[PDB]
Amino acid sequence: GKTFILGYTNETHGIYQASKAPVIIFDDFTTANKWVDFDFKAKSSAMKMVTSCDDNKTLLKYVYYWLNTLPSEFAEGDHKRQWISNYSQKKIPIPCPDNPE
Amino acid sequence: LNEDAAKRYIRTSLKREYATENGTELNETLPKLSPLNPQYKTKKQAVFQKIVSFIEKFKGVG
Amino acid sequence: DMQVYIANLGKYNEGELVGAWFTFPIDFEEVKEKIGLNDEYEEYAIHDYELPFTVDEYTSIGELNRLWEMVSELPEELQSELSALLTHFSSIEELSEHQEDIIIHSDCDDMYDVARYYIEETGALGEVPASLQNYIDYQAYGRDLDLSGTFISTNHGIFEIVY
Amino acid sequence: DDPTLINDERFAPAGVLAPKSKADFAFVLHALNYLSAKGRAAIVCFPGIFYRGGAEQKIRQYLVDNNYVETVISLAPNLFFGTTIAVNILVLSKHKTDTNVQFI
Amino acid sequence: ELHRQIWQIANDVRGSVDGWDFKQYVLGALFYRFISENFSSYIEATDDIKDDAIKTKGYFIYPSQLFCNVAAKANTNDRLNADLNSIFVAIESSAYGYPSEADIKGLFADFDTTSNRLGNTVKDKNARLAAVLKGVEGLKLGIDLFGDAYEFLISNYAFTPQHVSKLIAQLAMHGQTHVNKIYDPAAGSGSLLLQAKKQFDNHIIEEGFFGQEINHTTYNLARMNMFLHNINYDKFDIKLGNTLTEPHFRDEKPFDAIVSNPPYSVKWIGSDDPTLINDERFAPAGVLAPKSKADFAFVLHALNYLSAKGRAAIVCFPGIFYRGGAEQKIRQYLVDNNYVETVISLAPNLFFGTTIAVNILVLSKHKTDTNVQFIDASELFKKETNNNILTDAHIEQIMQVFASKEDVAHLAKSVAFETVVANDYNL
Amino acid sequence: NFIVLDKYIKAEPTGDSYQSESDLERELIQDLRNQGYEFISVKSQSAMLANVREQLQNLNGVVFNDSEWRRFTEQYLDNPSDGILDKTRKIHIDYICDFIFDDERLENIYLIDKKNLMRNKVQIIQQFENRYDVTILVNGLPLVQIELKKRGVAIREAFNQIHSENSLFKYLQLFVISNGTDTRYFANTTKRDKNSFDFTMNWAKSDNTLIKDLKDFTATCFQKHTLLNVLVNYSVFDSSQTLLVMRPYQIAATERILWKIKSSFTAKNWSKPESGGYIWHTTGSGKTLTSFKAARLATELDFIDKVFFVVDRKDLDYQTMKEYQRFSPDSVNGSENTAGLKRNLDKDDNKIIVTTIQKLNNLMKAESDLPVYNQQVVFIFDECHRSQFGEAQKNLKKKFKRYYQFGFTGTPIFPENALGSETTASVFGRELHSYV
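Reading the values: rules and limits
Residues numbered from 1 in each chain as written, not as in the entry; some residues may be left out. Chains lettered and ligands numbered in written order. Part of a larger assembly, values for the part shown. Heavy atoms only, no water. Residues with missing side-chain atoms left out of burial classes, pairs and counts. Helix = DSSP H or I, 4+ residues; strand = E, 2+ residues; numbered from the N terminus. Rg over C-alpha atoms; globule rule 2.2 N^0.38 Å. Salt bridge = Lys/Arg side-chain N within 4 Å of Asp/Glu carboxyl O. Buried < 20%, exposed > 50% of the residue type's maximum accessible area, 1.4 Å probe, protein only. Pairing = 2+ DSSP bridges. Contact = heavy atoms within 4.5 Å. Domains from an automatic or database assignment. Buried area = accessible area lost by both parts, 1.4 Å probe. Nonpolar A, V, L, I, M, F, W, Y, C, P; charged D, E, K, R; others polar. Axes fitted to C-alpha atoms, helices over the stretch in contact; angles between N-to-C directions. Parallel < 35°, antiparallel > 145°, perpendicular 65-115°, else oblique. Left-handed = near helix turned anticlockwise from the far one by under 90°. Expected span 1.5 Å × (residues − 1). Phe/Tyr/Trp six-rings, centres within 6.5 Å; stacked < 30°, edge-to-face > 60°.

- For this coordinate set, the PDB header names cryo-EM as the determination method and states a resolution of 3.97 Å.

### Some points on the overall build of chain F
Link 1 in the chain: Across its full length, chain F holds 13 helices and 16 strands.
Link 2 in the chain: Here the C-alpha atoms of chain F give a radius of gyration of 24 Å, agreeing with the 22 Å that 2.2 N^0.38 yields for 436 residues.
Link 3 in the chain: Taking the principal axes of the C-alpha coordinates as reference, chain F spans close to 70 × 60 × 40 Å.

### Focus on the pattern of salt bridges
Link 1 in the chain: Evaluation of the coordinates by the stated rule reveals 23 salt bridges over all chains.
Link 2 in the chain: Linking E50 of chain C and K359 of chain F is a salt bridge whose minimum nitrogen-to-oxygen distance equals 3.2 Å. One end of the pair, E50 of chain C, is in strand 2 (residues 46–50); the other, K359 of chain F, is in helix 12 (residues 357–364), on a second chain. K359 of chain F matches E50 of chain C in its accessibility class, with the two residues each being buried.
Link 3 in the chain: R79 of chain E is the partner of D51 of chain E in a salt bridge, and the nearest nitrogen-oxygen pair spans 3.1 Å. Residue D51 of chain E is found in the loop between helix 2 (19–43) and helix 3 (57–66), and its partner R79 of chain E is found in helix 4 (residues 77–80); the two are separated by 28 residues along the sequence.
Link 4 in the chain: Take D51 of chain E: its relative accessible area is 27%, and that puts it in the partly exposed class.

### Quick look at the pairing of strand 14 (residues 377–381) of chain F
Residues and elements named next belong to chain F.
Link 1 in the chain: Burial of strand 14 is extensive: five of the five residues sit out of reach of the surface.
Link 2 in the chain: Residues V377, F379 and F381 point to one face of strand 14 and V378 and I380 to the other, with burial holding for every one of them.
Link 3 in the chain: Of the pairings in the sheet, the one linking strand 14 to strand 15 (residues 403–409) comprises four bridges and is parallel in character. For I380, the partnering residue across the bridge sits in strand 15 and is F406.

### Topic: helix 7 (residues 224–231) of chain F
Link 1 in the chain: For helix 7 of chain F, a buried count of six out of eight residues is recorded, marking the element as mostly surrounded by other parts of the structure.
Link 2 in the chain: Lining the buried residues of helix 7 of chain F we find helix 4 (85–92), strand 4 (133–138), strand 5 (141–148), strand 6 (174–178), helix 6 (215–220) and strand 8 (235–238) of chain F.

### Describing the domain arrangement of chain C
All names here are of chain C.
Link 1 in the chain: When its domains are assigned, chain C resolves into domain 1 (1–59), domain 2 (60–101) and domain 3 (102–163).
Link 2 in the chain: On a C-alpha basis, the centroid separation for the pair domain 2 and domain 3 is 26 Å.
Link 3 in the chain: At the junction of the two partners, domain 2 supplies 13 residues and domain 3 supplies 11 residues.
Link 4 in the chain: A buried area of about 990 Å², summed over both sides, lies between domain 2 and domain 3, and 71% of it is on carbon and sulfur atoms.

### Notes on the interface of chain B and chain E
In many analyses, interface size is given as the accessible surface area lost on bringing the parts together.
Link 1 in the chain: Listed as interface residues are 16 residues of chain B and, on the opposing side, 18 residues of chain E.
Link 2 in the chain: The residue makeup of the side of chain B that touches chain E, split by class, is four nonpolar, seven polar and five charged.

### Quick word on the packing of helix 7 (residues 147–154) of chain E against helix 9 (residues 216–225) of chain E
In helix packing, the relevant descriptors are the interaxial angle and the interaxial distance, both defined with respect to the helix axes.
All names here are of chain E.
Link 1 in the chain: The contact between helix 7 and helix 9 brings their axes to 11 Å, and the two run at 155°. Considering their axes alone, helix 7 and helix 9 lie roughly antiparallel with respect to each other. As helix 7 runs across helix 9, the sense of the crossing is left-handed. Residue-level inspection shows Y150, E151 and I154 of helix 7 in contact with helix 9, the latter providing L221, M224 and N225.
Link 2 in the chain: Counted by class, the contact of helix 7 with helix 9 contains four nonpolar, one polar and one charged residues.

### Some remarks on the sheet that holds strand 4 (residues 151–153) of chain C
Residue and element names in this part refer to chain C.
Link 1 in the chain: Spatially, 3-5-4 is the arrangement adopted by the three strands of the open sheet, whose pairing is antiparallel. Strand pairing shows two members of the sheet lacking a second neighbour, strand 3 (102–105) and strand 4, which therefore form its edges. Sheet twist, expressed as the mean angle between neighbouring strand axes with direction ignored, is 20°.
Link 2 in the chain: Bridge analysis of strand 3 against strand 5 (residues 158–161) gives four bridges, and the strand direction is antiparallel. Residue pairing for strand 5: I104 is matched across the bridge by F159.

### Considerations on helix 6 (residues 111–122) of chain C
Residues and elements named next belong to chain C.
Link 1 in the chain: Here helix 6 spans 16 Å end to end across 12 residues, near enough to the 16 Å set by a 1.5 Å rise per residue.
Link 2 in the chain: Among the residues making up helix 6, those that are buried are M111, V114, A115, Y117, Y118, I119 and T122.
Link 3 in the chain: Taken together, the buried residues of helix 6 touch strand 3, helix 8 (139–148), strand 4 and strand 5.
Link 4 in the chain: Where helix 6 ends, the next residue or the one after it, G123, has phi of about 75°, a positive value.

### Structural notes on the sheet that holds strand 6 of chain F
Residue and element names in this part refer to chain F.
Link 1 in the chain: Read across the sheet, five strands follow the order 3-4-5-6-7 without closing on themselves; strand pairing throughout is mixed. Looking at which strands have only one partner, the edges of the open sheet turn out to be strand 3 (122–126) and strand 7 (183–184).
Link 2 in the chain: Two elements, strand 4 and strand 5, share six bridges in a ladder whose sense is antiparallel. Across the sheet, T135 pairs through a bridge with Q145, a residue of strand 5.

### Things to note about the packing of aromatic side chains
Residues and elements named next belong to chain F.
Link 1 in the chain: On inspection of all chains with the given rule, the structure shows 51 aromatic pairs over all chains.
Link 2 in the chain: Centroid distance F128 to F169: 5.7 Å. Interplanar angle 45°. Geometry classified as tilted.
Link 3 in the chain: Relative to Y324, the ring of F292 lies with its centre 5.2 Å away and its plane at 40°, an arrangement referred to as tilted. A residue pair is termed long-range when its members are at least 10 positions apart, and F292 in helix 9 (residues 287–299) and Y324 in helix 10 (residues 319–326) qualify at 32 residues. Taken individually, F292 and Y324 each receive the classification buried, so the pair is uniform in this respect.

What follows is the structure, given as structure tokens:
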């Protein structure tokens, strides 16, 4: 929803501290909200991380934008449900064969 | 005769205007050691009769 | 600690039965020279053991060295409760397929606290008004989380096998 | 597995028993026990009996391995006195086409 | 260390049923240990510890007149638990009836009846309460910090927390080296009465910590609660009964400090069936309290038993605010004289098994006259779960402004009497 | 001394030809009154309950009125809502009522005194109001029902013929069926084919001398200590629920074991190769049951502190433990390791410990002078000195001394089959009791 509740101290609590721009998922049963990690923030209880192995083709704010290329199947959260394989497999249109030029 | 607890007994005898076998902290005011099992009235009933004669003497006056 | 008493197929009568303790990994030849033979190669009578799981008396030693890799791969909170995970799964290989799906509540200890975690901390159902925050049933929601998913309760925390 | 229910008349073709607190596919195996070569079963389920580990995956595997299961039906929550969650309806038959109309 | 042995209690008693069933057995065994250790430390205060049945009837009567429980020669916990793991169960079922011999004087007794035999079979009962007594033996208590474990074990999840009780005590206690103290209607436990002698062993004992309580199973744990804290015996009582329908003591006396914690709006069908419209205490109000809101009946009962010197400190749910004219005229009679002095707001929740806040009325037959409606919403450290804890030197600010009628903003102040009769008597 | 006899007593026919149903009754009453019993006359049902509130007085030493006896009669002893199973459980498990007097003190009313069983007073009655019945009635309650037949009713059809009011005859534990020539006994299991004469029991002497007639059977088994020990200390109310009665060779072997313990403790013996002993009961026995009664009567015997029934694991520490959990309440695991087994050696009141010999060697080859050393410890092996002379045993002779090392064998390594190991010449010494 709103990605801002009040202040906490970001040290000595097993912190992930949000390095240079991965994205996240919310939630159990919600499966809709995404965020760019803004500067350096927490991992608060549901921020399961989606990021990239590859680092010369992706620029994963591109695929952050390309989550809005799939609100088609990601609009109907109906039953009690988790969609791990759905984002885990496929698909996305990609400008490959331009890797990584 | 423990003097602070003697003052305590004086104040309770002024408030009650009598005394009895109760007043359950009666043993540690007695001077050195009377909690023991072979109790030979040392000096339990003697000081008890002293203080009841005292409150008979100063009954209302003092 | 994670060991066996493996001797011997020779001496079926077991007159002064031998072969004491071997941790992992296991050589064939070192154990065979430790325990001797019956003039041929028939050994590994798995009589006694001490393992987090269950193994039969005819298991080959190569399968034991195979299983020990997957057992020692896991963290200690999994290794402390491998039989409890085996009450839902069927093998250590199948546990190794889904070894990241298991969510561990070290903080939560019972279903009331699991419901209170999913509601108050996460906000899985949404925002919680403060005047509503005390007037929310957790026991019925805990029962329906029990009957919806699959939760297992141990000494440490609560193991949640998610799909 | 305390009695001979791994080698009984009805749970043995499944290859395993239902787990220790989820009785529902034990009911559907008991259901497919008492059915001829002509009739059809129509039972209900809570929708949660979906994958629930390999112990339930192999029961679903044995159901789809033959042409036992035919049609599932979803219904809307709540629809019930005294619950919250939805339901599903399994329609089983020893009767072949074979395809699974998952009519929701 | 304190929390070491507190954690020993919190683990080493919980087996294997609901806590409100083995509550009685664990607390009875702990109470039996305290009777044993207290009577042994009495008779051995010269080192004839291992006793014998030669007990001296002329000396046997003297603690029965003094401590009121002469245990036995050899029925103490020190002897019963070394010679334990043996048939049978009801040695202690006799050895509870024998320390309740005690017919003279001031029994305060018939008391250990909560411990029973169930259980399903008698050898299972033997093994289980043998394990209970052995676990009581396995505690590192020595010699004087005994009742802390009792106050911890009575605090279970299911009770009037110690800092709020300390606040109620400190409000009713300043500038008063007088007598008697202290009365309590609906005491519940002996918790909120106990913070007097937590401080007031200093000058002198004054009189007995009086009290009256309704529920008999709570009455037993209350009578042992202020027994374990080394408190003397003769007047230090609680009488069983309801305070509204069966009031005592009317005869003795107008007090000089009272505290309470009444439950929220218990029902009582009294109005107006007896002569409580023309009784000794409800008649100056002009009406009785309504049919399910008992709380101002408690505060009228409170202002009944108070002298021309002392002061009342009671609590209320904050809802007793206007609630129609039947409550408006009670508030009118309270403010019509100079009865009420201050009210204090506290933050929600601050309680077990409750949601709403509280208020605290401080009443006095003592005049200035103005109503310092001294509030607090924070702090009130209500952060740590659940509302743990208004710490020390934190209620000292609350007592500090309470001292002489000060007027500090971001916080409350005095009002005018004409302003509060201009408004419709709020809180 | 013993229960199963060692000397053949004189058995003579005193005919009284056994084609009758009353002469053997008279002979049986004569023999039991020769054995110091008491025959009263109750041709009713209520006066039998009047016997209970007088015979129980001597056993408990306290006095009921009628009003306490109402409560004790209707709440505990003679519940109408109970059958045979819970009443048998009251005989063997819940035999004490924590009764509250009208004087308000809790006292423990017994039914059968099990520690000092000489106080348990017996009586004899016969039928009243079916076939002919004699009843040995212990402490007011009817316990043993002798049922008599003739020669025309054969021993197989003797049981097969016949399988509130009265409810008091549901306390019957045994049914000693006899005719005049053969005599068999059993407990409350009433099937046709399976609970025929095969599941019933021929009472016998020590080794193999079976007993058939009545007079010899009465001279052997119906002694006070003998029959009360058969009722009390040698019957297991299994949580099937089923009452199981031991075989006579089982009882004889258990008695030789426990008397060897009792004679060795009084003459300060331990760690001797003649202080042990061994049993050969091959199969068809329920060696679980014999070993369980040996260990259970060892634990209460107060001379000792620990009992290790210890085997070598090839799915035995799961199997026999499951047997001892069948005999429901109490037996402590040696599962699963040598860390927590030490916790089991710390714990008490459940002194039977079932571990493996490998965990014991893992404990004994290390861990530096364990503090459970000086206590009196009884080992019960399997694969005994007639099956091994193992390296664990010489580790034991190194470390422990205050042990009574007994064992069982299935097939003994005799000199006749000495292919595997040695004989028993310096490990357990003498053989104690056998069956073949």
